[PDB]
Amino acid sequence: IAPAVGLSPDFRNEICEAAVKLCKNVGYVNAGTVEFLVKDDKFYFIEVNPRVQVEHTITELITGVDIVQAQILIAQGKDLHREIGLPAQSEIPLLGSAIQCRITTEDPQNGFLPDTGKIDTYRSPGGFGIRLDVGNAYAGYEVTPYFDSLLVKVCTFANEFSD
Amino acid sequence: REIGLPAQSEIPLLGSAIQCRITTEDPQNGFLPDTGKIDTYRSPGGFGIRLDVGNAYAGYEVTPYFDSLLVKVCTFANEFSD
Amino acid sequence: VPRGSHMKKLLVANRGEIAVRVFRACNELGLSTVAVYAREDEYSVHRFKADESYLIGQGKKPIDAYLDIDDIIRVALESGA
């Protein structure tokens with residue numbers, strides 16, 4: 001989910017600044033994610049993933065920023081502000097909240113072993129506040145055992161977390 | 001108080017959005033609506049895309065009795081050009 | 001800024017939902033795209049979403065095909081990415 005709606009905005013800002021501090025220090029280029037563990041109002045660095053992540057989608061929804069277009073424009077030598085058009089830090093939007101689930105063929109009644117076989121029917125929902133980023137799921141597709149079990153990533157977004 | 005909308009001046013204005021209605025109107029046949037069976041229907045998604053589907057799914061027979069709408073597509077982004 | 005940072009064509013060294021996500025971004029940025037696919041992944045949606053696509057890792061297991069550094073580079077150079 002995004003943002004971390006169960007933590008106070010101040011504490012979240014602190015975590016974001018620490019991530020920025022690390023990245024400024026090493027002159028980080030392109031997209032990356034800094035990962036922390038958090039416990040009773042302290043936070044501890046665990047990892048940097050120096051790449052886009054599967055859950056980038058929900059950050060895009062709550063900021064209005066297209067992260068993957070940004071990666072490509074960054075690699076073309078463009079300036080985040082002048083050319084890519086992102087605002088200064090304090091102007092970066094924070095628009096409601098967003099949730100992502102990955103729908104997979106893992107069978108929860110069979111120890112989450114991924115099912116294989118032919119997809120007979122695949123009807124995907126839409127509407128307001130729904131984003132879909134599909135993997136391999138279409139009517140007639142044979143799910144093989146060779147790859148991951150993802151069918152489709154679903155994200156929802158709205159002004160309020162509960163919606 | 002209950003629905004939770006802000007006061008007028010606080011009503012957000014977030015980028016821009018465009019809607020097209022995809023229909024069976026054949027632009028090469030004077031926009032007469034086509035009918036018949038839908039063999040294949042694969043709908044896009046991703047960031048900045050919203051779909052509000054009418055009657056379009058693989059196997060659906062489009063009749064001549066109703067409007068020709070298949071799916072409403074909206075896109076949205078910070079900038080109109082995007 | 002490295003020399004050669006201008007782009008007309010991009011290749012995704014991946015498969016599945018992330019490859020489709022990148023192709024979408026490329027197309028919106030006016031770039032043409034290139035997919036790679038293992039033989040066993042030949043029905044993957046990402047293969048058909050690109051402007052052109054190429055089989056890689058011939059005769060390897062499917063995961064090793066996607067880890068085949070030199071065959072991926074071969075495709076990038078051959079396609080003019």
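Below, chain A is the first sequence line, B the second, and so on; all start at residue 1.
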Measuring heavy-atom distances to chain C, does A:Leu150 have an atom under 4.5 Å in its side chain, in its backbone, in both, or in neither? side chain
Interatomic distance, C:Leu31 atom CG to A:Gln69 atom CD [nearest 0.5 angstrom]: 9.5 Å
Might you work through the salt bridge (charged side-chain N to carboxylate O under 4.0 Å, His left out) test for A:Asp66 and C:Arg24, ending with a clear yes or no? CA-CA 11 Å; A:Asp66 193 318; C:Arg24 299 172 161 160; over 6 Å; no
Just give me the residue among A:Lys153, A:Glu142, A:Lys78, A:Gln71 that pairs up with chain C most often, heavy atom to heavy atom, under 4.5 Å. A:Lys153
Heavy-atom count check: over 12 atoms from other residues, nucleotides or ligands less than 6.0 Å from C:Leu77 CG? yes
Taking atom CD of A:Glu47 as the centre, report whether more than 12 heavy atoms of other residues, nucleotides or ligands fall under 6.0 Å from it. yes
Name the option with the most non-hydrogen atom pairs under 4.5 Å to chain A; the candidates are C:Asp41, C:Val22, C:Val1, C:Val20. C:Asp41
Taking all non-hydrogen atoms of both residues into account, name the closest pair between A:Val68 and C:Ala25 and its distance. CG1-CB, 3.8 Å
Look at atom CZ of A:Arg82 and say whether more than 12 heavy atoms of other residues, nucleotides or ligands are closer to it than 6.0 Å. no
Is A:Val29 close to chain C through its backbone or its side chain, or both, or neither, when contacts mean heavy atoms under 4.5 Å? neither
To the nearest 0.5 Å, atom CG of A:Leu73 lies from atom CE of C:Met7 at 8.5 Å
More than 12 heavy atoms of other groups within 6.0 Å of A:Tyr44 OH: yes
Counting only heavy atoms not in A:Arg12, do more than 12 fall under 6.0 Å of its CZ? yes
Most heavy-atom pairs under 4.5 angstrom with chain A, which of C:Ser5, C:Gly4, C:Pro2? C:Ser5
Salt bridge flag under 4.0 Å for residues A:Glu60 and C:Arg21: yes
For atom CG of A:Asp79, is the number of surrounding heavy atoms from other residues, nucleotides or ligands below 6.0 Å larger than 12? yes
Assert top hit (heavy-atom pairs under 4.5 Å, partner chain A, pool C:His6, C:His46, C:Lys61, C:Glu28) equals C:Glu28
Any chance OH of A:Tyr146 has more than 12 other-residue heavy atoms, nucleotides or ligands included, within less than 6.0 Å? no
Tell me if the OH atom of C:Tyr43 is crowded by more than 12 foreign heavy atoms within 6.0 Å. no
Spacing of NE2 belonging to A:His56 relative to CD1 belonging to C:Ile18, to within rounding of 0.5 Å: 5.0 Å
Measure distances from A:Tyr138 to the heavy atoms of chain C and classify the residue's part below 4.5 Å as side chain, backbone, both or neither. side chain
So which atom in C:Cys26 and which in A:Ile72 form the shortest heavy-atom distance, rounded to 0.1 Å? SG-CD1, 4.0 Å
Below 4.5 Å, heavy atoms only, C-beta onward: do C:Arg15 and A:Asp148 meet side chain to side chain? yes
